[PDB]
Amino acid sequence: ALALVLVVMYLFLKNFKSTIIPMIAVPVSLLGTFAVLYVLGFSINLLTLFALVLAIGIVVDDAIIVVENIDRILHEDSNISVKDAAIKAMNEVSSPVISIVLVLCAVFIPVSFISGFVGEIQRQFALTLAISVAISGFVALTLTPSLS
Amino acid sequence: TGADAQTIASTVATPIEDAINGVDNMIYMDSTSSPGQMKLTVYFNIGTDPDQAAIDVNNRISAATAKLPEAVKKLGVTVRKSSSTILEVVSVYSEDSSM
Amino acid sequence: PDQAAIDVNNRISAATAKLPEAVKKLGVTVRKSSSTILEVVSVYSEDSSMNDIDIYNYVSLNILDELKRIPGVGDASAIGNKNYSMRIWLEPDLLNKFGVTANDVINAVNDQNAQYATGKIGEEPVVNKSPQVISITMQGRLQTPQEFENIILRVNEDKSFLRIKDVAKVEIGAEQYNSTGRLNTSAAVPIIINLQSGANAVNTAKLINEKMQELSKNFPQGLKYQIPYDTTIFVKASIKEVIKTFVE
Amino acid sequence: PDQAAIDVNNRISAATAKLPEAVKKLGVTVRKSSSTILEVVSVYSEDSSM
Amino acid sequence: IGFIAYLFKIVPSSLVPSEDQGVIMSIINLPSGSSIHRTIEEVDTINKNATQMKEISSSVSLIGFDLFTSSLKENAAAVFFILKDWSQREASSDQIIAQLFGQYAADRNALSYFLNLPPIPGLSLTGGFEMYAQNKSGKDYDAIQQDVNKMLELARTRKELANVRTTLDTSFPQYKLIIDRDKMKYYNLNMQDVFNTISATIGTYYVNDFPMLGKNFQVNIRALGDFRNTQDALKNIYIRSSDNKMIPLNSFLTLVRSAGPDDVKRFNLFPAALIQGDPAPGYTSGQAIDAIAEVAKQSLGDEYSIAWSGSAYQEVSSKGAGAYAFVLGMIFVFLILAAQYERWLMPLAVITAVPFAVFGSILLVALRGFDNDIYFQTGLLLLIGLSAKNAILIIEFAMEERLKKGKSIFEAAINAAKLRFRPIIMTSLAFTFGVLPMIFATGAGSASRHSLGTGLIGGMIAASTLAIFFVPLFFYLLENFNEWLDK
Amino acid sequence: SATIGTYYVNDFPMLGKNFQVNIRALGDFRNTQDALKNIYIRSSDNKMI
Ligand SMILES: CC1(C)S[C@H]([C@H](NC(=O)[C@H](N)c2ccccc2)C(=O)O)N[C@H]1C(=O)O
């Protein structure tokens, strides 16, 4: 997935240096997820590992949305510099991203409240996803624009 | 040893089952008796700490050991947490007929 | 509340050996109970179709076990202690006539009302294999008073067997005749519930009420439960009074 | 130390069989212990009559 | 949306996909009472035939232990047939199971059931209820099972219940010892003593422990098996009288052929039988639980009672917690997007984007034939959220065009959608292709991989192919409605 | 303890549970101070005392 993202980053954004930003960001957004999963009682088991595959999605989307929108603004105006462009785009998307992380976690926590053996199974997946959205979203807010 | 399941259910299972009843956070109890052996698995509400469940069951049982038949007391009662699962099975085998 | 019980239990176990044998056979119980009555539930026969000994037994076997399981109940005990027992009522004038001591009755019942171990037939190691393994079963505990009556104290050499029937009267009575309970003016069995230490009275009280409603559906005709004395009633009532005050 | 005690008692209980009968009859005791001696008090009869 | 609900109804609802774990468990039970020698011979015949098949490399066996009813029964025995690595064997576990079933399909000495190891240990793949019919009247176990077999016949008539079965078996051979207490007493023999003699000769008596290799080991006394095997075993056993007279056991003791339960089960402090059942493919698990309860109350006597274990217990004791939580979660989502858009109506547009993802997922699984497993449900959580994220952005950018740049309601919905076209395409392309290997995955965990994958691919495709066209339409309608309110 | 008091010898099976057997004398014989005189024990030389 990481390499496929690089291919989309390279073809769509027509830059090779733009690929470095996902490379640094995606692992950081997964290592962070692991650290929280350690602090919480969660262990690595088959169901959490399946969740990690799902988690890749949230993390990749967050990097892609940020880089692309900065590039879009950097191509909309010749006069705009990369750093001004980053600030502009971040102002546009900062509020949605915070709202995305709250909305998404609201989607996942009720799954954790499901009672029964199937809710225990489902919660292992859901909570991991909720951790991922938050860690990924903080990275999208701070680390990703800076790298861009 | 040497007792039929009916005898072991009435003589051994019933005294033990009664003592453990009322142990905190216990949803239900199930006991099966087979000639020579009694297996009784308490089931506890989800989220109960195993170590706390085991120790409680043990307490209640050591009070009712005396009621139990002497042969059963001589061998004693084993209380264990069954929450564990099988990581792996290792079978040592005599390829030859020498053991 | 729970670690204290573990600590008390751990220390008592060494003492349990030192205790007298009879005490240890009946058992010693360590329970996390305040000994202060949360509530008293009265199960009574309105129909009067069930005698008090029977009502008590129904509430021990069917209701008490369920109430003990409910979270927050340290111990639920019905006051009467009239659980069934086979009672062998010795008559000392017949014992004296047939020359039998009480002890010879005690020894006889222990020996002739017990279930022992009998092994299986066809089990291995056997040189000549058999088609099946069959398990010997035995019944050595008498279930009826007429069977208990026929326990043999001595053979009178005319091959006449002296039995309990001759020296005593057997019946199914109750283990203790010491205490009874009443609801209003009529007889009822009183089930006193003591709250487990560290548990909410109101939650436990509401749980006991809902278990009893479920149990009542299965009650044999003529049985009503009332719970006249409940402690939480006042607490809940004062909660309602302060809620009304808040609106006002 | 309280939770350590529970885990020792639970493990001993599981191994009921391995133990010889005479130890079982007496019983096995698991209790939290500390070796620190805070103090040694010595009670003596000044009179020496006792 | 109507199609989504038709699809949800036609797709089977199964808890977790059956999976090849590499082991083909085999439970072999001989007729009741069979001696271990018969059972071992049968295991041997079963295992040399298995050796013939290439895929089954080795085989572990456990004679005399019944796997289903944990217990030591001589008639029962389980032979686990270890298969070859997934990458080394073309045949799947199911194919090999069929071959094993086919060879043993013929009637023979034993009955063999071949099954794949449980996908998730400690969990029944079925939605089956375990119900214990406790007997409060003291009836004997033989009487209990005649009462419960009647329950069974009523149960099999009812539609919701399927595969209703009971664990209790009274078939096992037993010998009943009749004690003539008149004679025993007359022979001056005490009852405990006459059983110590039986326990030593016919059965095993553990007198004391002896030291060996640093560990105390048991000392046991039993008779040469030549003596134990026959019913008249009793006649060679003798017990001293208090008058010092040898008196044979057969005099006062008689062994009578009988049949009785090998395993006696008591649940919740009451004698009980266990009724297991499966829901009807059409009917839900909850419906099955309700149905069997009704059957039990009418067929069984008032003296009986019904209790539940495992999954059934939880369903009966359910606080409807999940339902409350889900409603709260939605209300929270509503409000948190209301804050973002500063409009009460606008977050409805985001919630409408969600069923396009859900439709792609349930459509593809239906075409594939995959069921509504937990994996599918977890897939949905991701799908939903990804679809929501994309929608939140399209709607926000649209608001900006309408407000900041003063674009037209129609023009704004075109501009936003086009601005957000590229990020959605890029993320979908990367992720879908990334999880495409799951669809083709083989080896351990393959069924699970496939199940998570099929839902994901379908949903992702739907969200990028269909949702993006639709979300502007929703926004266009809501913005128009807001303007109408302003008028 | 078996004529003035109740002695729990063993358990008897009823209703799927085990219930105590208690051997105590008839009430009239334990009703007075001189109750002790009615009760008789055998000795080692088999004579009731
Ligand atoms: C009784 C069991 C819990 S054990 C069996 C299975 N056991 C294994 O997979 C063992 N690891 C094994 C035993 C023998 C040979 C190979 C593996 C499991 O736990 O799911 N399935 C269950 C069953 O057969 O009901």
# chains A, B, ... in the order shown; residues from 1 in each chain; ligands from 1
>>> residues_near_ligand(ligand="ligand 1", cutoff="6 Å", atoms="only C-alpha atoms and all ligand atoms", output="list in words")
residues 86, 88 and 89 of chain B; 60, 67, 68, 80, 117, 118 and 121 of chain E
>>> interface_residues(of="chain A", to="chain B", cutoff="12 Å", atoms="only C-alpha atoms", output="list in words")
residues 115, 116, 117, 119 and 120 of chain A
>>> write_last_selection(atoms="C-alpha atoms", output="short mmCIF file (atom, residue, chain, number, x, y, z; two decimals), in the first residue's frame")
data_model
loop_
_atom_site.label_atom_id
_atom_site.label_comp_id
_atom_site.auth_asym_id
_atom_site.auth_seq_id
_atom_site.Cartn_x
_atom_site.Cartn_y
_atom_site.Cartn_z
CA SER A 115 -22.60 -6.84 24.43
CA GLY A 116 -21.80 -10.49 23.84
CA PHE A 117 -18.93 -12.45 22.35
CA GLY A 119 -19.03 -7.34 20.50
CA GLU A 120 -15.76 -8.36 22.11
#
>>> interface_residues(of="chain C", to="chain E", cutoff="8 Å", atoms="only C-alpha atoms", output="JSON list (two decimals) with N, CA and C atoms, in the first residue's frame")
[["chain", "number", "residue", "atom", "x", "y", "z"],
["C", 111, "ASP", "N", -23.31, -46.92, 58.71],
["C", 111, "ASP", "CA", -22.89, -48.02, 57.88],
["C", 111, "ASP", "C", -23.91, -48.36, 56.81],
["C", 112, "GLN", "N", -25.19, -48.39, 57.16],
["C", 112, "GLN", "CA", -26.22, -48.82, 56.20],
["C", 112, "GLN", "C", -26.94, -47.73, 55.42],
["C", 116, "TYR", "N", -20.93, -46.20, 48.60],
["C", 116, "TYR", "CA", -19.51, -46.46, 48.51],
["C", 116, "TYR", "C", -19.00, -46.65, 47.10],
["C", 117, "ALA", "N", -17.74, -47.02, 46.96],
["C", 117, "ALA", "CA", -17.14, -47.22, 45.65],
["C", 117, "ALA", "C", -17.12, -48.65, 45.14],
["C", 118, "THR", "N", -17.71, -48.88, 43.98],
["C", 118, "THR", "CA", -17.66, -50.19, 43.35],
["C", 118, "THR", "C", -17.08, -50.02, 41.96],
["C", 119, "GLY", "N", -16.01, -50.73, 41.63],
["C", 119, "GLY", "CA", -15.38, -50.58, 40.33],
["C", 119, "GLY", "C", -16.02, -51.17, 39.09],
["C", 120, "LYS", "N", -15.40, -50.97, 37.93],
["C", 120, "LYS", "CA", -15.92, -51.49, 36.66],
["C", 120, "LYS", "C", -15.54, -52.92, 36.29],
["C", 121, "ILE", "N", -16.32, -53.54, 35.41],
["C", 121, "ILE", "CA", -16.07, -54.91, 34.97],
["C", 121, "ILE", "C", -15.60, -54.92, 33.53],
["C", 122, "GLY", "N", -14.51, -55.61, 33.22],
["C", 122, "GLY", "CA", -13.95, -55.62, 31.88],
["C", 122, "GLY", "C", -12.83, -54.63, 31.65],
["C", 123, "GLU", "N", -12.44, -53.90, 32.68],
["C", 123, "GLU", "CA", -11.40, -52.90, 32.55],
["C", 123, "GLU", "C", -10.04, -53.52, 32.41],
["C", 124, "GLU", "N", -9.09, -52.76, 31.89],
["C", 124, "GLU", "CA", -7.77, -53.29, 31.66],
["C", 124, "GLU", "C", -6.83, -53.06, 32.86],
["C", 125, "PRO", "N", -5.75, -53.90, 33.06],
["C", 125, "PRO", "CA", -5.13, -54.84, 32.12],
["C", 125, "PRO", "C", -5.69, -56.26, 32.20],
["C", 126, "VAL", "N", -6.24, -56.75, 31.10],
["C", 126, "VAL", "CA", -6.77, -58.11, 31.07],
["C", 126, "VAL", "C", -6.20, -58.91, 29.89],
["C", 127, "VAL", "N", -5.69, -60.11, 30.14],
["C", 127, "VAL", "CA", -5.16, -60.95, 29.07],
["C", 127, "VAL", "C", -6.22, -61.40, 28.06],
["C", 128, "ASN", "N", -7.37, -61.85, 28.56],
["C", 128, "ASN", "CA", -8.45, -62.30, 27.69],
["C", 128, "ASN", "C", -9.41, -61.16, 27.55],
["C", 129, "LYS", "N", -9.35, -60.47, 26.42],
["C", 129, "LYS", "CA", -10.17, -59.28, 26.23],
["C", 129, "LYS", "C", -11.67, -59.53, 26.22],
["C", 130, "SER", "N", -12.43, -58.58, 26.72],
["C", 130, "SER", "CA", -13.88, -58.73, 26.74],
["C", 130, "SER", "C", -14.48, -57.69, 25.81],
["C", 131, "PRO", "N", -15.67, -57.97, 25.27],
["C", 131, "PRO", "CA", -16.33, -57.04, 24.36],
["C", 131, "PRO", "C", -16.67, -55.69, 24.98],
["C", 132, "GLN", "N", -17.11, -55.67, 26.23],
["C", 132, "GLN", "CA", -17.55, -54.42, 26.85],
["C", 132, "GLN", "C", -16.94, -54.07, 28.19],
["C", 133, "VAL", "N", -17.01, -52.80, 28.59],
["C", 133, "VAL", "CA", -16.58, -52.42, 29.92],
["C", 133, "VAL", "C", -17.88, -51.99, 30.58],
["C", 134, "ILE", "N", -18.29, -52.68, 31.63],
["C", 134, "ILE", "CA", -19.56, -52.41, 32.29],
["C", 134, "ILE", "C", -19.29, -51.84, 33.67],
["C", 135, "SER", "N", -19.99, -50.80, 34.10],
["C", 135, "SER", "CA", -19.67, -50.20, 35.39],
["C", 135, "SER", "C", -20.66, -50.57, 36.48],
["C", 136, "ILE", "N", -20.17, -51.16, 37.56],
["C", 136, "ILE", "CA", -21.05, -51.51, 38.67],
["C", 136, "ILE", "C", -21.58, -50.26, 39.35],
["C", 137, "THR", "N", -22.88, -50.23, 39.61],
["C", 137, "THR", "CA", -23.50, -49.09, 40.25],
["C", 137, "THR", "C", -24.13, -49.63, 41.52],
["C", 138, "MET", "N", -24.14, -48.85, 42.59],
["C", 138, "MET", "CA", -24.78, -49.27, 43.82],
["C", 138, "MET", "C", -25.62, -48.18, 44.45],
["C", 139, "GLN", "N", -26.71, -48.54, 45.11],
["C", 139, "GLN", "CA", -27.48, -47.54, 45.85],
["C", 139, "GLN", "C", -27.47, -48.01, 47.28],
["C", 152, "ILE", "N", -30.91, -52.63, 60.25],
["C", 152, "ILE", "CA", -30.80, -53.68, 61.27],
["C", 152, "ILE", "C", -29.78, -53.46, 62.36],
["C", 154, "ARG", "N", -29.40, -55.46, 65.17],
["C", 154, "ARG", "CA", -28.84, -56.72, 65.66],
["C", 154, "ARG", "C", -29.63, -57.92, 65.16],
["C", 155, "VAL", "N", -29.02, -59.09, 65.05],
["C", 155, "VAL", "CA", -29.75, -60.30, 64.64],
["C", 155, "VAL", "C", -30.03, -61.06, 65.93],
["C", 159, "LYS", "N", -32.81, -65.43, 64.05],
["C", 159, "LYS", "CA", -32.76, -64.84, 62.72],
["C", 159, "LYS", "C", -33.85, -63.81, 62.64],
["C", 161, "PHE", "N", -34.61, -59.99, 62.98],
["C", 161, "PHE", "CA", -33.71, -58.88, 62.89],
["C", 161, "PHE", "C", -34.26, -57.73, 63.68]]
>>> interface_residues(of="chain D", to="chain C", cutoff="9 Å", atoms="only C-alpha atoms", output="list in words")
residues 2, 6, 25, 26, 27, 28, 29, 30 and 31 of chain D
>>> write_last_selection(atoms="N, CA, C and O atoms", output="mmCIF file, in the first residue's frame")
data_model
loop_
_atom_site.group_PDB
_atom_site.id
_atom_site.type_symbol
_atom_site.label_atom_id
_atom_site.label_comp_id
_atom_site.auth_asym_id
_atom_site.auth_seq_id
_atom_site.Cartn_x
_atom_site.Cartn_y
_atom_site.Cartn_z
ATOM 1 N N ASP D 2 -0.245 -7.953 48.016
ATOM 2 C CA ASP D 2 -1.552 -8.586 48.099
ATOM 3 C C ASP D 2 -1.896 -9.413 46.874
ATOM 4 O O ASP D 2 -2.478 -10.477 47.007
ATOM 5 N N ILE D 6 -2.194 -13.818 46.120
ATOM 6 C CA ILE D 6 -3.305 -14.495 45.458
ATOM 7 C C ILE D 6 -2.780 -15.413 44.392
ATOM 8 O O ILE D 6 -3.268 -16.516 44.228
ATOM 9 N N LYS D 25 -3.227 -32.908 54.679
ATOM 10 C CA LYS D 25 -4.031 -33.010 55.884
ATOM 11 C C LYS D 25 -3.726 -31.843 56.797
ATOM 12 O O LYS D 25 -4.635 -31.206 57.323
ATOM 13 N N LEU D 26 -2.448 -31.543 56.977
ATOM 14 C CA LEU D 26 -2.071 -30.386 57.778
ATOM 15 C C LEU D 26 -2.466 -29.084 57.102
ATOM 16 O O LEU D 26 -2.890 -28.141 57.766
ATOM 17 N N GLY D 27 -2.330 -29.028 55.782
ATOM 18 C CA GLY D 27 -2.636 -27.816 55.040
ATOM 19 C C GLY D 27 -1.389 -27.033 54.686
ATOM 20 O O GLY D 27 -0.353 -27.181 55.333
ATOM 21 N N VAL D 28 -1.455 -26.221 53.636
ATOM 22 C CA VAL D 28 -0.293 -25.452 53.224
ATOM 23 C C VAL D 28 -0.701 -24.011 53.474
ATOM 24 O O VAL D 28 -1.834 -23.641 53.180
ATOM 25 N N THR D 29 0.190 -23.188 54.016
ATOM 26 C CA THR D 29 -0.196 -21.823 54.355
ATOM 27 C C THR D 29 0.534 -20.799 53.513
ATOM 28 O O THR D 29 1.755 -20.777 53.491
ATOM 29 N N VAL D 30 -0.211 -19.942 52.829
ATOM 30 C CA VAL D 30 0.406 -18.899 52.030
ATOM 31 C C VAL D 30 0.057 -17.562 52.646
ATOM 32 O O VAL D 30 -1.106 -17.186 52.679
ATOM 33 N N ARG D 31 1.054 -16.837 53.137
ATOM 34 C CA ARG D 31 0.801 -15.559 53.792
ATOM 35 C C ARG D 31 1.888 -14.556 53.446
ATOM 36 O O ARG D 31 3.055 -14.919 53.352
#
>>> closest_atom_pairs(of="chain D", to="region 68-82 of chain B", cutoff="12 Å", atoms="only C-alpha atoms", output="Markdown table")
| residue | atom | partner | partner_atom | distance |
| --- | --- | --- | --- | --- |
| D:7 | CA | B:81 | CA | 11.2 |
| D:9 | CA | B:79 | CA | 10.6 |
| D:10 | CA | B:80 | CA | 7.3 |
| D:11 | CA | B:80 | CA | 7.9 |
| D:12 | CA | B:78 | CA | 9.3 |
| D:13 | CA | B:79 | CA | 5.9 |
| D:14 | CA | B:78 | CA | 5.1 |
| D:15 | CA | B:78 | CA | 6.8 |
| D:16 | CA | B:78 | CA | 5.6 |
| D:17 | CA | B:75 | CA | 6.4 |
| D:18 | CA | B:75 | CA | 9.7 |
| D:19 | CA | B:75 | CA | 9.3 |
| D:20 | CA | B:75 | CA | 9.1 |
| D:21 | CA | B:74 | CA | 6.4 |
| D:22 | CA | B:74 | CA | 9.2 |
| D:23 | CA | B:74 | CA | 10.7 |
| D:24 | CA | B:76 | CA | 7.8 |
| D:25 | CA | B:74 | CA | 8.1 |
| D:26 | CA | B:74 | CA | 11.9 |
| D:27 | CA | B:76 | CA | 11.0 |
>>> select_by_dssp(residues="region 13-44 of chain A", states="helix (DSSP H, G or I)", output="ChimeraX atom specification")
/A:13,20-39
>>> write_last_selection(atoms="N, CA and C atoms", output="PDB file, in the first residue's frame")
ATOM      1  N   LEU A  13       0.550  13.907  -8.684  1.00  0.00           N
ATOM      2  CA  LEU A  13       1.140  15.184  -8.292  1.00  0.00           C
ATOM      3  C   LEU A  13       2.332  15.497  -9.161  1.00  0.00           C
ATOM      4  N   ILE A  20       8.186  11.621  -0.679  1.00  0.00           N
ATOM      5  CA  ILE A  20       8.868  11.497   0.599  1.00  0.00           C
ATOM      6  C   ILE A  20       7.904  11.772   1.746  1.00  0.00           C
ATOM      7  N   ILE A  21       6.990  12.716   1.567  1.00  0.00           N
ATOM      8  CA  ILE A  21       6.084  13.076   2.653  1.00  0.00           C
ATOM      9  C   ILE A  21       5.204  11.912   3.132  1.00  0.00           C
ATOM     10  N   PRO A  22       4.598  11.130   2.214  1.00  0.00           N
ATOM     11  CA  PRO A  22       3.864   9.962   2.713  1.00  0.00           C
ATOM     12  C   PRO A  22       4.771   8.974   3.409  1.00  0.00           C
ATOM     13  N   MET A  23       5.952   8.744   2.855  1.00  0.00           N
ATOM     14  CA  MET A  23       6.899   7.813   3.446  1.00  0.00           C
ATOM     15  C   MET A  23       7.206   8.165   4.883  1.00  0.00           C
ATOM     16  N   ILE A  24       7.576   9.398   5.172  1.00  0.00           N
ATOM     17  CA  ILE A  24       7.770   9.741   6.573  1.00  0.00           C
ATOM     18  C   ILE A  24       6.481   9.678   7.397  1.00  0.00           C
ATOM     19  N   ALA A  25       5.388  10.231   6.879  1.00  0.00           N
ATOM     20  CA  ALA A  25       4.136  10.291   7.651  1.00  0.00           C
ATOM     21  C   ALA A  25       3.415   8.990   7.996  1.00  0.00           C
ATOM     22  N   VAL A  26       3.292   8.069   7.048  1.00  0.00           N
ATOM     23  CA  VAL A  26       2.514   6.852   7.313  1.00  0.00           C
ATOM     24  C   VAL A  26       3.083   5.952   8.419  1.00  0.00           C
ATOM     25  N   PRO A  27       4.403   5.709   8.423  1.00  0.00           N
ATOM     26  CA  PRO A  27       4.929   4.932   9.545  1.00  0.00           C
ATOM     27  C   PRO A  27       4.732   5.620  10.885  1.00  0.00           C
ATOM     28  N   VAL A  28       4.912   6.933  10.943  1.00  0.00           N
ATOM     29  CA  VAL A  28       4.746   7.666  12.191  1.00  0.00           C
ATOM     30  C   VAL A  28       3.311   7.509  12.662  1.00  0.00           C
ATOM     31  N   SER A  29       2.374   7.507  11.726  1.00  0.00           N
ATOM     32  CA  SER A  29       0.964   7.399  12.075  1.00  0.00           C
ATOM     33  C   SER A  29       0.575   5.978  12.453  1.00  0.00           C
ATOM     34  N   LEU A  30       1.459   5.017  12.212  1.00  0.00           N
ATOM     35  CA  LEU A  30       1.189   3.650  12.629  1.00  0.00           C
ATOM     36  C   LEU A  30       1.962   3.328  13.888  1.00  0.00           C
ATOM     37  N   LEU A  31       3.194   3.803  13.998  1.00  0.00           N
ATOM     38  CA  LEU A  31       3.940   3.617  15.230  1.00  0.00           C
ATOM     39  C   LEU A  31       3.188   4.244  16.384  1.00  0.00           C
ATOM     40  N   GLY A  32       2.597   5.406  16.150  1.00  0.00           N
ATOM     41  CA  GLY A  32       1.825   6.056  17.189  1.00  0.00           C
ATOM     42  C   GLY A  32       0.650   5.200  17.601  1.00  0.00           C
ATOM     43  N   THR A  33       0.000   4.569  16.631  1.00  0.00           N
ATOM     44  CA  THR A  33      -1.131   3.710  16.937  1.00  0.00           C
ATOM     45  C   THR A  33      -0.665   2.563  17.815  1.00  0.00           C
ATOM     46  N   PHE A  34       0.494   1.995  17.500  1.00  0.00           N
ATOM     47  CA  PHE A  34       1.015   0.884  18.284  1.00  0.00           C
ATOM     48  C   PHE A  34       1.275   1.306  19.714  1.00  0.00           C
ATOM     49  N   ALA A  35       1.815   2.503  19.899  1.00  0.00           N
ATOM     50  CA  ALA A  35       2.150   2.951  21.241  1.00  0.00           C
ATOM     51  C   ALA A  35       0.911   3.054  22.095  1.00  0.00           C
ATOM     52  N   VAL A  36      -0.155   3.611  21.538  1.00  0.00           N
ATOM     53  CA  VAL A  36      -1.402   3.686  22.280  1.00  0.00           C
ATOM     54  C   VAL A  36      -1.949   2.292  22.551  1.00  0.00           C
ATOM     55  N   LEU A  37      -1.855   1.409  21.563  1.00  0.00           N
ATOM     56  CA  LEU A  37      -2.383   0.068  21.737  1.00  0.00           C
ATOM     57  C   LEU A  37      -1.637  -0.634  22.843  1.00  0.00           C
ATOM     58  N   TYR A  38      -0.366  -0.298  23.039  1.00  0.00           N
ATOM     59  CA  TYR A  38       0.363  -0.838  24.182  1.00  0.00           C
ATOM     60  C   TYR A  38      -0.101  -0.264  25.515  1.00  0.00           C
ATOM     61  N   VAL A  39      -0.342   1.041  25.560  1.00  0.00           N
ATOM     62  CA  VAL A  39      -0.778   1.667  26.799  1.00  0.00           C
ATOM     63  C   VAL A  39      -2.121   1.085  27.192  1.00  0.00           C
TER      64      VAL A  39
END
>>> atom_distance(atom1="CA of residue 458 (chain E)", atom2="CA of residue 363 (chain E)")
7.4 Å
>>> select_by_dssp(residues="region 272-329 of chain E", states="strand (DSSP E)", output="number ranges by chain")
E: 274-279, 304-309
>>> residues_around(residues="residue 34 (chain B)", least_positions_apart="6", cutoff="8 Å", atoms="only C-alpha atoms", output="ChimeraX atom specification")
/B:4-5,8 /E:71-72,262-264
>>> interface_residues(of="chain B", to="chain F", cutoff="10 Å", atoms="only C-alpha atoms", output="ChimeraX atom specification")
/B:9-11,14-15,18,67
>>> write_last_selection(atoms="C-alpha atoms", output="tab-separated table (two decimals), in the first residue's frame")
chain	number	residue	atom	x	y	z
B	9	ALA	CA	-22.88	-36.47	41.46
B	10	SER	CA	-24.77	-36.94	44.68
B	11	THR	CA	-21.81	-37.42	47.07
B	14	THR	CA	-23.57	-31.68	45.21
B	15	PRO	CA	-21.62	-30.62	48.28
B	18	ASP	CA	-23.60	-25.83	46.88
B	67	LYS	CA	-18.34	-33.04	53.90
>>> interface_residues(of="chain F", to="chain C", cutoff="7 Å", atoms="only C-alpha atoms", output="ChimeraX atom specification")
/F:2,9-10,12-14,19-26,38-42
>>> interface_residues(of="chain E", to="chain D", cutoff="10 Å", atoms="only C-alpha atoms", output="CSV table (one decimal) with N, CA, C and O atoms, in the first residue's frame")
chain,number,residue,atom,x,y,z
E,208,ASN,N,-1.9,-46.1,50.1
E,208,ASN,CA,-0.9,-45.1,50.6
E,208,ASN,C,0.1,-44.7,49.5
E,208,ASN,O,0.1,-45.3,48.5
E,209,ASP,N,0.9,-43.7,49.8
E,209,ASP,CA,1.9,-43.3,48.8
E,209,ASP,C,3.3,-43.8,49.0
E,209,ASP,O,3.8,-43.8,50.2
E,210,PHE,N,4.0,-44.3,48.0
E,210,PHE,CA,5.3,-44.7,48.1
E,210,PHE,C,6.4,-43.8,47.5
E,210,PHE,O,6.1,-43.2,46.5
E,211,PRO,N,7.6,-43.7,48.0
E,211,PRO,CA,8.6,-42.8,47.4
E,211,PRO,C,9.3,-43.4,46.2
E,211,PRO,O,9.9,-44.4,46.3
E,215,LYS,N,9.7,-38.4,44.1
E,215,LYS,CA,8.3,-38.0,44.1
E,215,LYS,C,7.4,-39.1,44.6
E,215,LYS,O,7.5,-40.2,44.1
E,216,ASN,N,6.5,-38.8,45.6
E,216,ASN,CA,5.7,-39.8,46.1
E,216,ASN,C,4.7,-40.3,45.0
E,216,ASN,O,4.1,-39.5,44.3
E,217,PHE,N,4.5,-41.6,44.9
E,217,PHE,CA,3.6,-42.1,43.9
E,217,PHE,C,2.6,-43.0,44.6
E,217,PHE,O,2.9,-43.6,45.6
E,218,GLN,N,1.5,-43.2,44.0
E,218,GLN,CA,0.4,-44.0,44.6
E,218,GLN,C,0.6,-45.5,44.7
E,218,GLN,O,1.3,-46.1,43.8
>>> interface_residues(of="chain B", to="chain C", cutoff="8 Å", atoms="only C-alpha atoms", output="list in words")
residues 1, 2, 3, 4, 7, 11, 21, 22, 23, 24, 25, 26, 27, 55, 56, 59, 60, 62, 63, 64, 66 and 67 of chain B
>>> write_last_selection(atoms="C-alpha atoms", output="JSON list (two decimals), in the first residue's frame")
[["chain", "number", "residue", "atom", "x", "y", "z"],
["B", 1, "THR", "CA", -12.04, -43.63, 42.31],
["B", 2, "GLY", "CA", -14.40, -46.46, 41.64],
["B", 3, "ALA", "CA", -17.60, -44.52, 42.07],
["B", 4, "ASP", "CA", -20.39, -44.32, 39.48],
["B", 7, "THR", "CA", -22.74, -41.57, 43.30],
["B", 11, "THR", "CA", -21.81, -37.42, 47.07],
["B", 21, "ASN", "CA", -22.92, -21.01, 44.89],
["B", 22, "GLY", "CA", -23.20, -17.31, 45.64],
["B", 23, "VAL", "CA", -19.56, -16.57, 44.85],
["B", 24, "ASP", "CA", -19.39, -13.04, 43.58],
["B", 25, "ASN", "CA", -19.70, -12.32, 39.89],
["B", 26, "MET", "CA", -20.76, -15.86, 39.10],
["B", 27, "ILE", "CA", -23.26, -16.10, 36.28],
["B", 55, "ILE", "CA", -9.26, -17.64, 45.06],
["B", 56, "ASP", "CA", -12.92, -17.20, 46.01],
["B", 59, "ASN", "CA", -12.05, -20.54, 49.80],
["B", 60, "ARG", "CA", -15.58, -21.81, 49.56],
["B", 62, "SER", "CA", -11.93, -25.65, 51.50],
["B", 63, "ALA", "CA", -14.86, -25.17, 53.83],
["B", 64, "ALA", "CA", -16.74, -28.04, 52.22],
["B", 66, "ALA", "CA", -14.87, -32.17, 55.11],
["B", 67, "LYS", "CA", -18.34, -33.04, 53.90]]
